[PDB]
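Colleague:
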Amino acid sequence: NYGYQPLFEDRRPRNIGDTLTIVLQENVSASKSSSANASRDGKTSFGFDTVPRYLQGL
Amino acid sequence: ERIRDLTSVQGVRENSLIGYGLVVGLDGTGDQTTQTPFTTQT
Numbered sequence: 059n060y061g062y063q064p065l066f067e068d069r070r071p072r073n074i075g076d077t078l079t080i081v082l083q084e085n086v087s088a089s090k091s092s093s094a095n096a097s098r099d100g101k102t103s104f105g106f107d108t109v110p111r112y113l114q115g116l
Numbered sequence: 020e021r022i023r024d025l026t027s028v029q030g031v032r033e034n035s036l037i038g039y040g041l042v043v044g045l046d047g048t049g050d051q052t053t054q055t056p057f058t059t060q061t
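Here the protein sequences come in this chain order: B and c. Mapping of the first sequence onto PDB author numbering: residues 59 to 116, in sequence order. Mapping of the second sequence onto PDB author numbering: residues 20 to 61, in sequence order.
Following this line, the structure appears as structure tokens:
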């Protein structure tokens with residue numbers, strides 16, 4: 059003799075020892091990224107090609 | 020006679036029960052099961 063069993067309810071596991079099907083469908087995906095940058099240029103110049111006489115002292 | 024018509028007794032009350040079932044034996048006046056899946060499932 060087994061216990062009371064419902065009629066219209068689905069067959070769910072209810073006690074220790076009942077079986078149940080697992081459908082393994084796992085799909086995980088993670089990601090990350092980053093960056094950084096910096097820059098600097100400089101260029102100076104000056105040239106007195108032909109100096110007049112009254113400025114030759116400087 | 021009269022007091023029983025005016026009062027109730029503490030601890031003497033009613034409760035409600037609900038359930039799901041199927042009714043068979045209809046003359047073709049049942050569900051159109053193509054739109055009530057729980058009928059065929061149960």
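Here a beta-carbon is modelled for each residue, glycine too, at the ideal position from N, C-alpha and C.
Step through the CB atoms of chain B and report whether any lies within less than 7 Å of the CB of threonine 48 of chain c.
Modeller: On the second sequence, position 29 is the one that residue 48 of chain c refers to. Closer than 7 Å: no.
Colleague: Please decide whether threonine 52 of chain c counts as near chain B, where near means a Cβ-Cβ distance under 7 Å.
Modeller: For this step, residue 52 of chain c is matched to residue 33 along the second sequence. Not one chain B Cβ lies under 7 Å of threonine 52 of chain c.
Colleague: Compute the distance between the beta-carbons of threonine 52 of chain c and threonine 59 of chain c, then report whether it is under 7 Å.
Modeller: In the second sequence, the residue the question calls residue 52 of chain c occupies position 33. In the second sequence, the residue the question calls residue 59 of chain c occupies position 40. Yes.
Colleague: Note the first and the last residue of the continuous alpha helix (DSSP H) segment covering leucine 25 of chain c.
Modeller: Translated into positions along the second sequence, residue 25 of chain c becomes position 6. Start and end: 22-25.
Colleague: Starting from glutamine 29 of chain c, follow the alpha helix (DSSP H) in both directions and report where the run begins and ends.
Modeller: On the second sequence, position 10 is the one that residue 29 of chain c refers to. Careful: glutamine 29 of chain c lies outside any alpha helix (DSSP H) and carries neither H nor E.
Colleague: Can you tell me whether DSSP reads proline 64 of chain B as helix, strand or coil?
Modeller: Counted from its first residue, the first sequence places residue 64 of chain B at position 6. Correct three-state label for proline 64 of chain B: coil.
Colleague: For a quick check, are the C-beta atoms of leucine 65 of chain B and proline 71 of chain B less than 7 Å apart?
Modeller: For this step, residue 65 of chain B is matched to residue 7 along the first sequence. For this step, residue 71 of chain B is matched to residue 13 along the first sequence. Their beta carbons are not under 7 Å apart, which means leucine 65 of chain B does not touch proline 71 of chain B by this criterion.
Colleague: Candidates c:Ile22, c:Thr61, c:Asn34, c:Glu33: which alpha carbon is nearest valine 42 of chain c's?
Modeller: Position 23 of the second sequence holds residue 42 of chain c. Closest by alpha carbon: c:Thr61.
Colleague: Could you tell me the boundaries of the alpha helix (DSSP H) in which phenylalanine 104 of chain B lies?
Modeller: To locate residue 104 of chain B, count along the first sequence from 1; it is residue 46. Counting along the chain, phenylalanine 104 of chain B falls outside any alpha helix (DSSP H), and DSSP gives it neither H nor E.
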